[PDB]
Every structure is written in C-alpha cells, then in structure tokens.
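Okay, structure first, notes after.
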Amino acid sequence: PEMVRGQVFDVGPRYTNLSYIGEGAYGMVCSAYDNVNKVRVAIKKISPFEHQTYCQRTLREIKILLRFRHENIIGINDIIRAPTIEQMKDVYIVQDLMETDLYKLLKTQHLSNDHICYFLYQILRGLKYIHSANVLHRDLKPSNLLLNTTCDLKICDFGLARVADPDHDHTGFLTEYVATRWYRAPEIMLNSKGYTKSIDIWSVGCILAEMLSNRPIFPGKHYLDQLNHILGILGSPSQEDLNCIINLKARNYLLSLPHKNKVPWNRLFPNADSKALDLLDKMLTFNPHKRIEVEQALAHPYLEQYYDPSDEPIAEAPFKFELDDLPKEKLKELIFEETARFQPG
Ligand SMILES: O=C(CN1Cc2ccc(-c3nc(NC4CCOCC4)ncc3Cl)cc2C1=O)N[C@H](CO)c1ccccc1
C-alpha cells in the first residue's frame with residue numbers, strides 16, 4: 011500500500027497519487043486522485059477505536075454528514091474500511107477537495123466587503139439547513155469553513171454536533187465545556203450547556219467580526235478570560251438580561267464587575283459596511299433569547315443581494331440519534349453499520 015508521512019494509506023485501487031495535506035488529533039489528511047470520478051479528493055484517515063470520545067466524534071461526523079445534503083455543507087463521498095469489524099482499525103473518509111479554509115485565508119488575505127457578504131451568506135445558508143434538522147454544529151470557527159478556488163464555502167467537522175435540547179440547556183456557573191474558546195457564547199461560561207441554536211449564531215457573529223479585521227474579536231487566553239473579552243466590547247449586561255440569569259453564582263459574578271460601557275462597532279471596525287455592523291450587533295447579542303435566528307439573519311438588509319428563501323433549503327426531517337453512555341465497543345459496531353453502504357456490494 012501507499013504511505014505518505016509514515017502512515018499506511020490503504021485507499022486503493024480507487025484512490026491513487028497521494029499528497030500529504032495535514033494532520034491532527036483526528037488523524038491524517040491527503041489529497042488523492044479518484045480514478046472513478048477523475049478528480050482529486052480529500053481523504054482523511056481516522057484511527058479512533060482506542061478512545062470512546064474519538065469514536066463519538068467519528069460516528070457523529072459520519073451519521074450527520076451522510077444524512078445531510080447541502081451545497082454549503084461538506085459531504086461524504088465515500089468511506090473506506092476493512093470488510094470485518096475485527097480487521098477494521100482505520101476509517102478513511104473521502105470528501106470533496108477544497109483549496110483552503112477561512113482560517114488560512116484570514117491569516118494572509120484582506121477580504122473585500124463583497125467577499126465578506128458572500129461568505130456570511132453561505133455560512134448562514136448552510137446553518138439554516140443544519141438548524142432546520144434540529145442540529146447544532148457547536149464548533150463553528152474559521153478553520154471549519156472550507157473554501158474552493160471560486161470562494162464557494164462548505165461547513166465541515168460535525169463531530170461535536172448535537173440535537174438541540176433547549177429544555178435542558180440550564181447549568182451552573184463555570185461548567186466545563188469542549189468547543190473552541192474564542193467562538194464560545196457568553197452564556198456557556200454562565201448558565202448554558204450549549205444545547206440551543208443561539209450558540210451557533212454567536213460563533214457566526216465572531217467569524218463575521220474576524221472577517222472584518224483579520225483578527226479574532228474575543229481572543230481570550232483561557233476559560234473565564236473569554237467572558238472578560240466579551241464584556242470589554244459589549245459592556246455590562248442590562249438589568250433585564252441579568253434578571254434572565256437566575257443562577258446566583260453567575261448573576262453575582264456579573265454584579266461584582268465594575269460598570270463597563272459598550273465599545274461601538276463602528277470604532278472597532280471603521281471601514282466596515284454599516285449594514286454588516288447592524289447584523290453583527292444582532293448576532294453578538296448578550297442575551298441568547300434576544301439573539302437573531304438564522305432565518306432572520308438571512309433576511310437582514312446586509313444580505314439582500316443574495317436572500318432568496320426558496321433557494322435556501324431545509325432538511326426533509328429533524329435529525330435524531334444517545335452516545336455519551338455507549339462504550340467504545342458499541343460505537344465501533346455503529347460506525348461499522350453506518351459505513352456498510354460504501355462496501356463492494
Ligand atoms: O475529521 C475531523 C475534522 N477534520 C479534519 C480535516 C482535514 C481536512 C479537511 C479537508 N480539507 C480540504 N482541503 C484543505 C487544503 C489545505 O488547506 C485547508 C483545506 N478539503 C477537504 C477537506 Cl474534507 C477536513 C477535515 C475535517 O473535517 N474530525 C473528526 C470528527 O470530529 C474526528 C474524529 C475522531 C477524533 C477527532 C476528530
């Protein structure tokens with residue numbers, strides 16, 4: 011078999027001429043020539059069966075992405091694994107190959123207002139579909155937005171995604187959380203388990219802000235520093251928004267802080283389109299109940315040149331699947349079952 015940077019890449023006969031793309035905790039990714047469709051593809055090798063939480067992510071990723079079909083959501087084209095559970099140590103997930111991601115693009119490229127508008131439109135168009143399936147992405151960030159050579163955008167990495175559960179969203183103050191720090195909504199640190207659609211809109215707000223300046227808007231250096239940054243720009247919460255936080259630890263923390271005034275968006279972003287800043291403000295609302303929803307965001311005047319609800323599809327039914337209690341050994345079985353459709357047969 012072909013190897014790349016040490017690892018065996020058992021992807022043939024269909025996929026040949028591998029080039030290394032990158033690596034992480036997930037595994038390793040290469041481009042490969044697909045000998046059926048005659049295009050290069052992305053292939054990521056995942057080796058998760060020795061820890062339950064890698065199994066969870068892999069299964070969430072697989073189940074969600076096979077059910078979803080949308081232009082602004084990365085699909086799964088093919089999955090390669092051994093023919094038996096016993097022999098299955100790796101899963102190879104085949105996906106459309108994208109030129110870059112919004113993280114890499116933001117470190118080197120100034121975005122025109124027309125690019126920001128188009129990228130924001132596509133994020134929200136994909137997110138409309140996600141939310142319509144009652145799913146929360148929960149880790150939206152520049153590196154999870156893939157881009158092709160014509161700036162078409164696809165949301166990727168559904169391994170932290172959850173079915174929405176707003177009746178069980180409440181928790182205590184400083185309750186530990188998994189998703190990416192700079193894009194975490196203020197309520198995560200105060201009283202939310204991150205089980206409502208509003209968590210994703212916050213992350214989109216952060217991404218909008220970052221597109222306007224090429225710098226993260228709330229670059230907290232650790233867990234409660236993240237609220238420090240947030241409140242440094244939004245200013246102190248209003249009496250009404252505070253009264254919505256019934257948890258006493260969280261409310262009294264907020265009351266203990268000196269009063270801070272709102273930094274106006276147009277001084278933080280002096281060159282930004284004023285409509286973009288109005289939408290930003292509505293996505294970066296402190297109170298999650300008052301935060302704009304995806305369909306409202308799409309209908310915002312900033313996006314008028316693209317808004318077309320008949321061309322912003324929704325999912326055919328809500329998604330349902334839970335996984336926290338299931339062992340490593342059951343999750344292997346489910347990944348095996350979920351990938352069977354791709355086997356010769
Ligand atoms: O799978 C992932 C996360 N990842 C990693 C990755 C790498 C590359 C591409 C990708 N990249 C490109 N092009 C690139 C060209 C170079 O510039 C950048 C873009 N084109 C297409 C794709 Cl799909 C996509 C992904 C993705 O979704 N994590 C699973 C589930 O959470 C997981 C499972 C178990 C434990 C931990 C995590």
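For the sequence shown, the residue numbers in the entry's author numbering are 11 to 331, 334 to 357. C-beta: ideal position from N, C-alpha, C; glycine also.
Next on the checklist: Just to confirm my understanding: we take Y316, look at its own chain, exclude 5 residues before and 5 after, and list those with CB closer than 6 Å. What are they?
Outcome noted: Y131
Next on the checklist: Quick check on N262: buried or exposed, where buried means 16 or more other Cβ atoms within 10 Å of its Cβ?
Outcome noted: exposed
Next on the checklist: Taking the beta carbon of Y30 as the centre, do at least 16 other beta carbons fall within 10 Å, making it buried, or is it exposed?
Outcome noted: exposed
Next on the checklist: For ligand 1, I want to know if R79 counts as a neighbour, meaning its beta carbon is within less than 7 Å of at least one of the ligand's heavy atoms.
Outcome noted: no
Checklist entry - If you draw a straight line from the C-alpha of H120 to the C-alpha of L218, how long is it? => result 13 Å
Checklist entry - Roughly how many angstroms separate the alpha carbons of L287 and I74, rounded to a whole number? => result 33 Å
Item to check | Neighbourhood of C127 by C-beta distance below 6 Å, restricted to the same chain and skipping five residues each side | outcome: none
Checklist entry - Do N297 and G182 have their C-beta atoms within less than 8 Å of each other? => result no
Checklist entry - Thinking just about the alpha-carbon of each residue, which of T63, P93, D251, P339 is nearest to the one in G357? => result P93
Checklist entry - Under the criterion of a Cβ to heavy atom distance below 7 Å, does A52 qualify as lining ligand 1? => result yes
Item to check | Distance cut-off 7 Å: residue 333 Cβ against heavy atoms of ligand 1 | outcome: Residue 333 cannot be located in this model; the chain continues from 331 straight on to 334.
Checklist entry - alpha helix (DSSP H) containing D162: first to last residue? => result Where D162 is concerned, there is no enclosing alpha helix (DSSP H), given that its DSSP letter is neither H nor E.
Next on the checklist: Using C-beta distances below 8 Å, list every residue in its chain close to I86, excluding the 5 sequence neighbours before and after it, in chain order.
Outcome noted: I72, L75, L76, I103, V104, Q105
Checklist entry - Taking just the CA atoms, how far does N82 sit from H269? => result 41 Å
Next on the checklist: Assess contact between the stretch 222-241 and the stretch 163-177, defined as three or more Cβ pairs (one per stretch) separated by less than 8 Å. Is contact present?
Outcome noted: no
Checklist entry - In whole angstroms, what separates the C-alpha of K292 from that of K203? => result 22 Å
Checklist entry - Are the Cβ atoms of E220 and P152 separated by less than 8 Å? => result yes
Item to check | Same chain only: Cβ atoms within 6 Å of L335, ignoring 5 sequence neighbours per side | outcome: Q66
Checklist entry - Would you call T26 buried or exposed, if buried means 16 or more other Cβ atoms sit within 10 Å of its Cβ? => result exposed
Next on the checklist: Taking 7 Å as the limit between beta carbons, can you name the residues of its chain near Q236, skipping five residues before and five after?
Outcome noted: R191, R194, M199, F228, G230
Checklist entry - Taking Cβ positions, are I324 and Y187 nearer each other than 8 Å? => result no
Checklist entry - Skipping 5 residues on each side, what residues in its chain have a beta carbon closer than 6 Å to that of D251? => result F296, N297
Checklist entry - Below 8 Å between beta carbons: does that hold for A143 and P328? => result yes
Item to check | Beta-carbon gap between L146 and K207 smaller than 8 Å | outcome: yes
Item to check | The alpha helix (DSSP H) enclosing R67, as first and last residue numbers | outcome: 62-77
Checklist entry - What are the boundary residues of the alpha helix (DSSP H) that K117 is part of? => result 112-118
Checklist entry - Assuming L244 and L134 make a contact with CB atoms under 8 Å, what is their CB distance in whole Å? => result Rounded, the Cβ-Cβ distance is 21 Å, inconsistent with contact.
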